[PDB]
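Take a look at the C-alpha cells below, where one protein chain is shown in two forms, each on its own, as structure 1 and structure 2.
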Structure 1
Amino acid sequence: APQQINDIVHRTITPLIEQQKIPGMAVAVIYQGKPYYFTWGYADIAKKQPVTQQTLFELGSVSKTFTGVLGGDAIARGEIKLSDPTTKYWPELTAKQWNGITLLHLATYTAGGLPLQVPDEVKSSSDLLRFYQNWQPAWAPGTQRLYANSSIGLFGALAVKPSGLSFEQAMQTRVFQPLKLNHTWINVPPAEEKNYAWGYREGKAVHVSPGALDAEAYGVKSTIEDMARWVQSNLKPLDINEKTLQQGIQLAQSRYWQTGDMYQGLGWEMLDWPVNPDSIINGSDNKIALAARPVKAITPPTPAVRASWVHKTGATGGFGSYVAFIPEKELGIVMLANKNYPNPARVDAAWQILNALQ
C-alpha cells in the first residue's frame, strides 16, 4: 500500500491488538475506491495457522447488512413492500398485537420491544410461531427502537417468502453471486473449513452456535477480500449491474428513523459526515447500542446520503467485526478479529484510520 496508509493502519492496529489481546485480525482499507489489506496473528492458535486474506471470520451482526440489502432487493423486485403488514407474509400470525406492525418495523427494530435474542428453547418452526404469537409489545409500533435479532431476523425470513427460495438460496443467488463474493457463506462448506478461523472466548476456541433465525441475524462468515468488495459495493451502488440489487443497496442506506444523532437503515446505521467521533465511538458501546430509545420517524425516509458515516458492528461469542465507510470520500474500512473485544475500541481505531486518510 502507499506508505501513508501502511503507517496509519499499523500505528493504530498494532497497539489495539496488544491492548485487546486479539489473537488474529484482518483489516481492509478502501482508499479512493481501491482495497489494501493487512493481516496479523492467528486464525487457529493451536494449529499455528496464520490469518491470511483467505481466512473466514464470523461477521456476527454485520450479517444484518446483507439481510438489509437482500430485503432491499426484494422490495426493488416488487416482491414485498416495507409498508406491508407482517401478517401478509405470515397469515398464521393472528394475534392482535400484530395489527399495525409492518415489515419496516421488523427491519428497523421498531415493532415495539421484540427481544434482542430469540429464546434458546425456540427450535422448530412451530416454536417460532408460538413465540411471536405470545410476544407482548411494551410499546406501540414505530415509537421505540430496541436492537433485536428477533426483529430483523424475522424480517429476513419473511422478505424471501414470495421468491419461494430459502433465505440462504436467495442470499447466494441475489447478493453473493452478483457481487462476486465467492468466499462468503451462511454455512461454511467442507472445502473451505481449512480457512475458517476459530473464535476465542475466555481463551477457548469456539464457533457460532446454531440458533433460530441465525442466518438472517448473525450467521454470515466471510474473508477480508470479500468484505472489502462488500464495502466497495455499498460505497458505489450505482456501479452494480443488477438493477434491483443496485436499488436494494440504496434502500438499505435510506434513513428511516432517528435517535440522537444516528439514523437507522436496513441493517446499516448512519450518521451525518463529518461525525463527532465521541458520538460514534461512545455510541457504539453496547450500553447505548443495545438500549431502548425513542425514535423519530423520517417521513418519508431520506434516500442514501453520500455525506454519511455508514457502519455496523458485529459480534459472535468468539469474533468481533466492524465495517464503516463514507460514500462522499470513496473511503472505508473493514476490521475482522477472532475475539469479541469492546465496540468502542473498534470504532475508535476505525475513526483514527479514516480521519487520517480523509
Structure 2
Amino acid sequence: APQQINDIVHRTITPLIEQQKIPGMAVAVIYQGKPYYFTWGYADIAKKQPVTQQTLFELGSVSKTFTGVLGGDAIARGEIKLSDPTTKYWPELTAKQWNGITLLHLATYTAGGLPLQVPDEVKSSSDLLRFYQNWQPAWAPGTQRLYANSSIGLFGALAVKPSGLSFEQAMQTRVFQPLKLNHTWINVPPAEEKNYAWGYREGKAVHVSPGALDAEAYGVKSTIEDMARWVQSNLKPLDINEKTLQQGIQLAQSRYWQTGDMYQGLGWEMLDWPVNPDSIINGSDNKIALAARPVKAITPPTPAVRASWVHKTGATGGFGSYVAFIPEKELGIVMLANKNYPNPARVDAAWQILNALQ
C-alpha cells in the first residue's frame, strides 16, 4: 500500500483500539478509487480467530444505507414514489394520525416522532399493525427529525411491497448481487459462521437479536471487502451498469432536509465539503443523544452533491461501524469493530485519516 495510507491508518487506529479496548477491527481506505485493507486483533477471542478481510461484522445502523438505496432503486423502477402516502402501501393503517405521512417522511425520520425502536413484544404482522396504529405523533409530519428504526424500517418494508419479493430477496437480487457483494448477508448462512465475528459487550460474546423490521433497519452483516466495494459504488454510481440501481444510489444521496449543517438523505447523511468536523464530533450531530431537531425542507431535493462528506454510523450491542466518503475526492473509509464504542471517537479517527489523505 502507499506508505502515507499505511502510516496514517496504523497511527490513528492502533491507539483507538487501545483506548476503546476494541477486540478486533477492520479498516478499508478507498484512495483514488482503489481499496486498501487493514486488520487488527480478534474476531473470536476464545477461539483465537483473527480479524481478516473475510470477517463478517454487524453493520447495525449502517444497514440503513442499503435500505435507502434499495428504496431509491424502487423509485427508479417506478414501483413507489416518495411523495406517496404511507397508506397507499398499507391501507390497513386507518388511524387518522397517518394522514399526510408520506414514504419520504418515513425514510428520513420526519414523520412526527416515531419511536427509536420497534418494541421487542412486537412478534407478528398483526402486532406490527397495532403498534403503528397506536403510535401518537408528537409533531406534524415534516417538521422535526427524530432518528428512528421504526421510521426507516417501515419505509424499507413498504418500499418492496410492489416488487412481490421479501425485503431480503429484493435486497439480494437488486443491490447485493449486481454490486457483487457476495459476502454480505441479512441472515448469516451456516457456511459463513466460521467468518462471523462475535461482538463483545461487557466482555461477553454477543450477536444481534431478532426483531421486527431488523433486516430493514439494522440487520446487515458484511466484510471489509464488500464494504469497500459498497463505498466504491456510492462514490461513483455512474460506473454501475444497472440503471435503476445507479439512479437509486443517486436518490439516496439527494438532500431532502437540512438541520444545522447536516442534510438527510435516504439512509446516508451529508455535510458540504469542506467540513468542519466539530458538529459531528462534539456538537449537535455527534449522535451521543437522541435529539429532536427542527428541519427545513429542501424543496426540491438537491441532487447528490459531489463536494460532500457522506457518512453513516451504526452500532449493535456488540459492534460499532462507520462509513464516510467524499465523492469529489474519490476517497472513503470503512471502520468495522466488534465492540460498540462512542461515535465521536469513530468520527474523529475517520476525519484524521481522510483529512490527511484528501
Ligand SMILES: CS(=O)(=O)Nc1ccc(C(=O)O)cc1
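In this text, the rigid core denotes the largest set of C-alpha atoms whose superposition between the two forms falls within 1.5 Å. Just so we're on the same page, residue numbers count up from 1 along structure 1's sequence. Residues that one form lacks are left out of the comparison.
Of structures 1 and 2, the form deposited with the named molecule bound = Structure 2 is the one deposited with the named molecule bound.
task = Please find the residue from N282, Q232, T259, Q144 showing a Cα shift of 2 angstroms or more between the two structures, rigid core superposed.
result = So the only displaced C-alpha belongs to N282.
key: Core-referenced Cα shift (Å), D214, between the two structures   = A shift of 0.2 Å at the C-alpha.
request  = Can you list the runs, three or more residues long, in which each C-alpha shifts by 2 Å or more between the two structures once everything is superposed on the core?
outcome  = Core-superposed, just one run shifting 2 Å or more comes out: 282 to 290.
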